[PDB]
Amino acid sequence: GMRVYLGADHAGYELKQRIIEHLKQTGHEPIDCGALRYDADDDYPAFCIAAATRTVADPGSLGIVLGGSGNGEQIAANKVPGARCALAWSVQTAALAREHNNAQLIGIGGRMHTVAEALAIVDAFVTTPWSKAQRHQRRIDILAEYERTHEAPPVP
């Protein structure tokens, strides 16, 4: 049972609403950050920053942000302090985003998948645990430290 914050522009709006329904059906708690209706001209950043900000502030939660490709949306979510947003374009990448990257959010492209494919990506994301493996935590900590100071760490 996961709480999931969702954000989308117009290009991801229709898939977002379908995902919200699916998440309800499969025992989860979706929270819609908008867009709340289709608006052809609307701008992705606000919705993605909102979902990402709320996700980071609510530990244990996850997030999903949607656009055409999903890339603008993961980019915007990733600007939020503490947020790690993968682009999920397959079951495997959704799974690995959790397992390796402890990603609290994924971006999905509404123009990229069938509904069946998208929901499969969503299922993998909400059910795959974070592995807690040492090397992954080490890498996440390194990135977290860069985010704290914006001082580029030295390369080997």
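Note that residue numbering follows the sequence shown and begins at 1.
The stretch with the higher mean CA B factor, choosing between 36 to 44 and 101 to 109, is 36 to 44. Stretches 20 to 28 and 130 to 138 differ in mean CA B factor, with 20 to 28 having the higher one. The entry lists a Cα temperature factor for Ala120 that places it in the highest third of the chain's modelled residues. Compared with the other modelled residues of the chain, the Cα B-factor recorded for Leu6 ranks in the lowest third. When all modelled residues of the chain are sorted by CA temperature factor, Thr114 is found within the highest third.
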